[PDB]
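Enquirer: Can you read through this structure? Questions will come right after.
Here Cβ is always computed from backbone atoms with ideal geometry, including for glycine, and neighbour counts include all displayed protein chains. Each answer follows from the model by the rule given with it, or from the source it names; these are not laboratory values.
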Amino acid sequence: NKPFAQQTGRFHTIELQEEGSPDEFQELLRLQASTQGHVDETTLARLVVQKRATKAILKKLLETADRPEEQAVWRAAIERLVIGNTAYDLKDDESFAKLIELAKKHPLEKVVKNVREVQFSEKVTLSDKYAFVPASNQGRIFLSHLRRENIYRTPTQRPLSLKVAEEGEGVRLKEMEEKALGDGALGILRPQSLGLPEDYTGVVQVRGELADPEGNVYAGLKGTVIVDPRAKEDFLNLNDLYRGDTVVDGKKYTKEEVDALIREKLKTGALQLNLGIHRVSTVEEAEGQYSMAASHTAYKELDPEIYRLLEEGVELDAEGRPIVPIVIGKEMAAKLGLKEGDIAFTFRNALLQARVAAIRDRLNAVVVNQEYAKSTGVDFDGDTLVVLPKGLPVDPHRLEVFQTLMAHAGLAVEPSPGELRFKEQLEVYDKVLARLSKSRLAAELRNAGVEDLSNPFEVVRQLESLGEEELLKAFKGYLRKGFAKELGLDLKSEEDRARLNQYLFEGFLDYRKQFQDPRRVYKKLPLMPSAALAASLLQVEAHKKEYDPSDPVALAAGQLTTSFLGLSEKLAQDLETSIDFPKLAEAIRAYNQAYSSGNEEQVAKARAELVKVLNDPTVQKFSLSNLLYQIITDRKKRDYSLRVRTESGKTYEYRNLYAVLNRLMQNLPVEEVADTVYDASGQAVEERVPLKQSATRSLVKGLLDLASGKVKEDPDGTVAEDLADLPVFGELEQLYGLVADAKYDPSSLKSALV
């Protein structure tokens, strides 16, 4: 309902972009289009984030001369401010006095127009949208800026307060494997303890913190919990909380160092958990219905049938479309007309075929194994799965297809077959089957309608399907004597005999209820040779780097550069209308076949065919489009870059993804907008970034005082044409101070700005 900053009180929040006012960053971004990609987006982003934030912090520092002890917290979001020639070290009671002095005597947009430098506190955490600063200086908040924005900017409803302790009544803090309850998941507590309607049974998405009476907060939490009355204690996994890795009072405290501090407070019974609910998992319609996704691993304890069910593999159907075990609720199973064993479909708000393996009375999640839906990138912090009925009015894609496209685009690589869930059992069965097929008993079976004896799950099914109890005792009795010999068990020894029925039935035959063909049910799904190929064709990857953690602009600057994820997505859709998915699919199926068991000529020819479909320009651009969308989405957290390795042998690094997106769009070569160029092994052959930066600060200065007449030149063929008639122009002028120092050769300005 409102930001967890405000529902908890930790931080004060000031907005960075005012009411409906124009996006000055979207405008600067067409300096990137005019220069054909030779300015630096994240520098443009910096100038904007420094302006927007300096203005906000002043305007607050003025509306807050009346609430004057609340002002003092905003004072220390800015250390030193250079306006004109005078410099204002706000820590001085002197300088600060003077700063608020001129603050009133001149209107805001003129004070900001003149700030030449600004340095922010370690205390202010800047983002694309807000400036957060902590409420009281008394305590200390042991998490990094990235995580404060992560945890505290989300809207949650009114925050609860739960006791943490190890013995007694409260919440307990186990120390298990990381992600042990699934990735986005960080705890299992009872519906009652966080105040939900009696015996709720689902998952709920929270934004909690872990604090003490004195105002120190040691870990913050972001993700979901699993609500369930069937579990005994309310417990949070500690290794899934965000703690440490930050600098309190000049020292970095590591994860490990803060984890020590918690165990010491926890023992003293002075450690709470302030938790805010953000969305409670209903089951609501979409046809189709959907709710949140839980990992089956968070059920080995409570309801281990669910755990063990989704643990025993996924089966590829006869056409290669994986069928994945899910577990749905009563409500859902109703409205969508499904019962145990029904094949449905599911996708995250790739479209996979689902096999219902269970139905529960009070469940309102959709519980899946995550390793088998990694192809729909399900994330157990809030992601929702949709289920559609058995009606199947669509074409669900093959494992090779998308697994091959996903790989061509750097988001998966070497051809491995799977791990068969039933490997050793099926070898035994094939040894026995040799003899069975020769026997009289096999003639009897084929006379009663069972022709193909190769699928034991089918022979047993098709039997009990049609009468034939005697032929079933005979088939079941045959395979006993068979496996017992095959495994050297003595069939008389009553504990050796219970070991057969343990191996043949309990471990093998009974799974005929979940799977259709044992020969196609996998423990580790395979990697099709076409996708290992597809990945060797494009050398595109998403290289990780953290935003400078010392400097609070880097992140907010970074988040502004995300603000065209729109165009990255239209590029994908507009692109995919072209690709003939028919021929893509056949060319892949050709290769994977001719790979597995094919002659030498075809493993040659199917290779050259698929390759020519994969090197097709519209395919390459489609896959490259898909990568960029992931990178841009991830730059909302880290300084990710694109890297590409070309026929030159060299690899190019990009963090100007808006120029990359334009070049892809207008079918221009993408290499000149690269930031750094590396030499095969050799690195740093060309570092283009420092040039691109001071160029940016020049062109901005140009664009600005060309549009305002301070340059006697023709603001006409240029991007300054009509700028000064536009609302956004009043905004851009508030960042003239930060680009004043720059210089530009006035002749070549008209050329740059066209």
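Enquirer: When you go through (1) over 26 Å from the mean Cα position of the chain (by Cα); (2) assigned by TED's automatic domain parsing to the domain that holds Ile151 one by one for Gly276, which number turns out not to apply?
Expert: Answer for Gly276: the failing condition is (1).
Enquirer: So, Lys91, is that one of a type in the set (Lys, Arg) and within 14 Å of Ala72 (Cα to Cα) or not?
Expert: Spelling it out, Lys91 is indeed of a type in the set (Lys, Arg) and within 14 Å of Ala72 (Cα to Cα).
Enquirer: Where in the range 46-119 are there helices (runs of 4 or more DSSP H), lying fully within it, with 1 or more residues that are under 41 Å from the mean Cα position of the chain (by Cα) and of a type in the set (D, E, K, R)?
Expert: Filter on the range 46-119 gives 68-75, 108-113.
Enquirer: Same structure, new question: Within the range 271-282, which residues are in a loop (DSSP other than H, G, I, E, B) and either among the polar types (S, T, N, Q) or out of contact with any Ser or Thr (no Cβ under 8 Å at 6 or more places or on another chain) (or both)? Lay out the reasoning, then the answer.
Expert: Going through the range 271-282, the residues in a loop (DSSP other than H, G, I, E, B) turn out to be 271, 276, 281-282.
Those that are in a loop (DSSP other than H, G, I, E, B) and either among the polar types (S, T, N, Q) or out of contact with any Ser or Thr (no Cβ under 8 Å at 6 or more places or on another chain) (or both): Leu271, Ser281, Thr282.
Conditions (1) of a type in the set (A, V, I, L, M); (2) at positive phi, marked per residue:
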{"residue": "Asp317", "(1), (2)": "no, no"}
{"residue": "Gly320", "(1), (2)": "no, yes"}
{"residue": "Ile328", "(1), (2)": "yes, no"}
{"residue": "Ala334", "(1), (2)": "yes, no"}
{"residue": "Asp361", "(1), (2)": "no, no"}
{"residue": "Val386", "(1), (2)": "yes, no"}
{"residue": "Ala407", "(1), (2)": "yes, no"}
{"residue": "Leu411", "(1), (2)": "yes, no"}
{"residue": "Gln425", "(1), (2)": "no, no"}
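Enquirer: Then there's this: Would you mention how many residues in the range 697-753 are closer than 20 Å to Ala45 by Cβ and among the β-branched types (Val, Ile, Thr)?
Expert: The qualifying residues number 4.
Enquirer: Of all residues in the range 42-64, which are over 30 Å from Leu691 (Cα atoms), in contact with a strand residue (DSSP E or B) (Cβ under 8 Å, 6 or more places away or on another chain) and β-branched (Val, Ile, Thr)?
Expert: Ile57
Enquirer: Examine the range 716-725 for a residue that is in a helix (DSSP H, G or I), buried (at least 22 other Cβ atoms within 10 Å of the Cβ) and of a type in the set (D, E, K, R), and state whether such a residue exists.
Expert: no
Enquirer: Quick one: count up the residues across the range 726-749 that are under 43 Å from the mean Cα position of the chain (by Cα) and in a helix (DSSP H, G or I).
Expert: Counting residues in the range 726-749 that are under 43 Å from the mean Cα position of the chain (by Cα) and in a helix (DSSP H, G or I) gives 11.
For every residue, the table says whether it meets (1) among the polar types (S, T, N, Q); (2) outside the structural domain of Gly507 (by TED's automatic domain parsing); (3) on the phi > 0 side of the Ramachandran plot.
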| residue | (1), (2), (3) |
| --- | --- |
| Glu371 | no, yes, no |
| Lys374 | no, yes, no |
| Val378 | no, yes, no |
| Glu414 | no, yes, no |
| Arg435 | no, no, no |
| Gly449 | no, no, yes |
| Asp452 | no, no, no |
| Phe457 | no, no, no |
| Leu471 | no, no, no |
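A quick yes/no check of all residues on (1) touching a helix residue (DSSP H, G or I) at 6+ places or on another chain (Cβ under 6 Å); (2) within 30 Å of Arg80 (Cα to Cα):
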site: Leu500; (1), (2): yes, no
site: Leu504; (1), (2): yes, no
site: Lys513; (1), (2): no, no
site: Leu527; (1), (2): no, no
site: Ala531; (1), (2): yes, no
site: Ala554; (1), (2): no, yes
site: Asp580; (1), (2): no, no
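Enquirer: Where the second residue is in a strand (DSSP E or B) and among the charged types (D, E, K, R) and the first is at negative phi and lies in the range 259-282, which pairs have Cβ atoms under 7 Å and are six or more apart or on separate chains?
Expert: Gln272/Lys163; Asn274/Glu209
Enquirer: Still on this structure, I have one more. Could you figure out which of (1) touching a strand residue (DSSP E or B) at 6+ places or on another chain (Cβ under 9 Å); (2) part of a helix (DSSP H, G or I) isn't true of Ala293?
Expert: (2)
Enquirer: To continue, here is another question. Go through the range 474-490 and give me each residue that's of a type in the set (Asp, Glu) and either in a helix (DSSP H, G or I) or within 16 Å of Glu312 (Cα to Cα) (or both). Talk me through it step by step, then tell me what you get.
Expert: First, the residues of the range 474-490 that are of a type in the set (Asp, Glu): 486, 490.
Selection gives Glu486 alone.
Enquirer: Still on this structure: Taking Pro417, is it over 30 Å from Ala534 (Cα atoms), of a type outside the set (A, V, I, L, M) and touching a strand residue (DSSP E or B) at 6+ places or on another chain (Cβ under 9 Å)?
Expert: No: the conditions fail for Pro417.
Condition check ((1) assigned to a helix (DSSP H, G or I); (2) under 48 Å from the mean Cα position of the chain (by Cα); (3) among the hydroxyl-bearing types (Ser, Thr, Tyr)) across all residues:
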residue	(1), (2), (3)
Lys492	no, no, no
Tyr503	yes, yes, yes
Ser530	yes, yes, yes
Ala534	yes, yes, no
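Enquirer: I would also like to ask the following. From the residues in the range 348-361 that are outside any strand (DSSP E or B) and in contact with a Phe, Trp or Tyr (Cβ under 8 Å, 6 or more places away or on another chain), which one is farthest from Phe402 (Cα to Cα)?
Expert: Across the range 348-361, the extreme among qualifying residues is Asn349.
Enquirer: Select from the range 24-45 the residues that are more than 16 Å from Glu109 (Cα to Cα) and of a type in the set (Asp, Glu) and write down the one among them that is farthest from the chain's Cα centre (by Cα).
Expert: Filtering first and then ranking leaves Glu27.
Enquirer: Could you grab the pairs with beta carbons closer than 9 Å, sequence gap of 6+ or different chains, first residue in the range 664-686 and over 13 Å from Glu653 (Cβ atoms), second one among the small types (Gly, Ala, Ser)?
Expert: Going by the 9 Å Cβ cut-off, the qualifying pairs are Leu664/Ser625; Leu668/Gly37; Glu672/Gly37; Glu672/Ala659; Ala680/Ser648; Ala680/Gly649.
Enquirer: Looking only at the range 366-425, count every residue that is of a type outside the set (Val, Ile, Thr) and part of a loop (DSSP other than H, G, I, E, B) and tell me the total. Spell out the reasoning first.
Expert: Of the range 366-425, the ones of a type outside the set (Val, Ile, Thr) are 369-375, 377, 379-383, 385, 388-393, 395-400, 402-403, 405-412, 414-425.
If we keep only those that are part of a loop (DSSP other than H, G, I, E, B) too, we end up with 369-373, 377, 379-383, 389-393, 395-398, 409-412, 414-415, 417-418, 421-422.
The total comes to 30.
Enquirer: Within the bounds of the range 283-290, is there any residue that is part of a loop (DSSP other than H, G, I, E, B) and within 30 Å of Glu122 (Cα to Cα)?
Expert: Within the range 283-290, not a single residue is part of a loop (DSSP other than H, G, I, E, B) and within 30 Å of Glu122 (Cα to Cα).
Enquirer: Also, quick follow-up: What's the number of the only condition in (1) touching a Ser or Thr at 6+ places or on another chain (Cβ under 8 Å); (2) more than 28 Å from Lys570 (Cα to Cα); (3) in a helix (DSSP H, G or I) that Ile632 fails to meet?
Expert: The single condition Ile632 does not satisfy is (2).
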